[PDB]
Amino acid sequence: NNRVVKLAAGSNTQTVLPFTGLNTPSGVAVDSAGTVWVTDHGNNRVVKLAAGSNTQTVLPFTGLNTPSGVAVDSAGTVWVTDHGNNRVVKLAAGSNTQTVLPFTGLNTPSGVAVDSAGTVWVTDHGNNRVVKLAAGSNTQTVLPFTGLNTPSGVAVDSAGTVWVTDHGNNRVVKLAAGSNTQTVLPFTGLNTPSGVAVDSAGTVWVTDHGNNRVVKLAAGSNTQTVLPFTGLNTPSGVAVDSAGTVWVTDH
Ligand SMILES: [Br-]
Ligand SMILES: [Br-]
Ligand SMILES: [Br-]
Ligand SMILES: [Br-]
Ligand SMILES: [Br-]
Ligand SMILES: [Br-]
Ligand SMILES: [Br-]
């Protein structure tokens with residue numbers, strides 16, 4: 001539906017954000033200030049809406065092709081998976097020069113996530129794996145997930161646990177750092193899930209793209225719920241801030 005919708009925690013009444021001219025928006029990311037970044041996938045661009053503004057800005061990336069995931073940090077740096085060019089690119093706040101990260105061997109990468117250390121994780125969707133780029137050293141490693149099939153979304157929480165939507169297997173998996181135990185989350189009945197978001201409380205939200213719905217596992221619960229969005233079609237991406245406001249790209 002070429003729009004971005006949000007729901008405040010406990011609300012039944014979504015808001016449509018005043019983005020304009022979106023074409024198949026995919027990734028979304030938010031910071032604590034309420035700023036929203038969206039990969040406008042069909043237009044090969046990344047757009048941004050500052051809180052209280054009604055007019056988006058376009059980040060000065062160049063040469064993107066079918067960009068997918070987007071991530072941001074507290075310094076205001078923005079990373080975008082340039083899915084069509086098998087690369088990840090970033091822009092620092094206030095800068096006109098984009099930087100191609102030293103990942104190697106990516107194929108149709110999907111999601112991107114970062115932590116406060118500057119570590120970057122990418123779902124290397126076409127290679128059925130998640131790759132981590134260590135800050136400073138730029139060492140690449142492959143996380144020991146197993147059995148992934150076209151993974152798409154990725155998120156990392158403050159404890160450093162990696163969540164992935166295992167899109168081709170209709171499931172969501174998580175893996176703590178250093179670990180060789182992956183946990184399948186008790187979501188049920190998913191179809192080509194596409195985005196995942198996690199808050200500090202440990203709640204997890206997933207865009208269940210094939211079922212036109214956003215599902216949630218509240219922290220300490222084993223019962224999934226469906227957020228009361230209205231009119232969603234193939235939601236792609238999801239982001240949450242501290243408080244449980246949820247933004248979704250209604251791709
Ligand atoms: Br305005
Ligand atoms: Br600027
Ligand atoms: Br740089
Ligand atoms: Br790590
Ligand atoms: Br399984
Ligand atoms: Br809910
Ligand atoms: Br999607």
Side-chain angles (χ1 to χ4, degrees), residues 1-11 14-17 19 22 24-32 34-41 46-49 67-72 78-81 83 110-114 121-123 125 151-158 161-167 170-174 185 187-219 224-251:
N1 301 328
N2 295 344
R3 65 184 183 161
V4 182
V5 294
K6 76 177 166 183
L7 271 176
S11 181
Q14 75 200 13
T15 305
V16 182
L17 272 68
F19 285 112
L22 303 181
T24 59
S26 50
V28 52
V30 301
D31 66 10
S32 74
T35 299
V36 180
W37 292 260
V38 171
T39 302
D40 190 13
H41 160 275
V46 178
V47 296
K48 174 193 184 186
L49 207 39
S68 39
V70 62
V72 298
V78 176
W79 288 257
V80 66
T81 55
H83 160 274
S110 176
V112 60
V114 303
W121 290 260
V122 181
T123 43
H125 156 274
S152 53
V154 66
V156 301
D157 83 332
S158 58
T161 299
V162 180
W163 284 259
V164 177
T165 61
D166 195 12
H167 151 275
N170 302 331
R171 67 182 181 165
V172 183
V173 308
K174 66 175 170 188
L185 276 65
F187 290 111
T188 65
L190 304 180
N191 180 319
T192 52
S194 60
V196 57
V198 185
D199 73 354
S200 47
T203 298
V204 182
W205 292 257
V206 166
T207 52
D208 191 15
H209 157 278
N211 290 317
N212 303 325
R213 70 183 179 167
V214 180
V215 297
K216 171 185 176 180
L217 280 169
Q224 96 183 356
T225 61
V226 174
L227 276 63
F229 287 111
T230 296
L232 285 186
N233 282 90
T234 51
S236 170
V238 59
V240 306
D241 67 2
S242 308
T245 300
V246 179
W247 289 258
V248 170
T249 50
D250 196 9
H251 165 279

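When reading the values below, keep in mind they use all heavy atoms of this one structure, side chains included, and skip hydrogens, waters and symmetry mates. We number each residue from 1, following the sequence as shown.
Residue pairs meeting the salt bridge (charged side-chain N to carboxylate O under 4.0 Å, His left out) criterion with at least one partner in residues 196-206, sequence neighbours excluded, are absent.
Of the residues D250, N2, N1, the one that meets the side-chain hydrogen bond (donor to acceptor under 3.5 Å, both in side chains) test with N233 is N1.
In this structure, a donor-acceptor pair under 3.5 Å is present between the side chains of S152 and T165.
Atom OG1 of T188 sits about 12.0 Å away from atom CG of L185, to the nearest 0.5 Å. The structure places CH2 of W79 at 11.0 Å from CH2 of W121, a figure rounded to the nearest 0.5 Å.
Here the closest non-hydrogen pair linking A113 and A71 is CA-CB, 4.1 Å.
By the side chain to side chain contact (heavy atoms under 4.5 Å, CB included) test, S11 pairs with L7, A8, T13, sequence neighbours left out.
In this structure, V156 and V114 have side chains that are not in contact, with every pair of non-hydrogen atoms separated by 4.5 Å or more. At least one side-chain heavy atom of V204 sits less than 4.5 Å from a side-chain heavy atom of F187. Within the 4.5 Å cutoff, no side-chain heavy atoms of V70 are placed close to those of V38. Residues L190 and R213 are in side-chain contact: their nearest non-hydrogen atoms beyond the backbone lie under 4.5 Å apart. In this structure the side chain of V215 never reaches within 4.5 angstrom of the side chain of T225, judged on heavy atoms.
Proximity of a side-chain donor or acceptor of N170 to a complementary backbone N or O of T192 within less than 3.5 Å is detected. At distances below 3.5 Å, at least one donor-acceptor pair connects side-chain atoms of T203 with backbone N or O atoms of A219.
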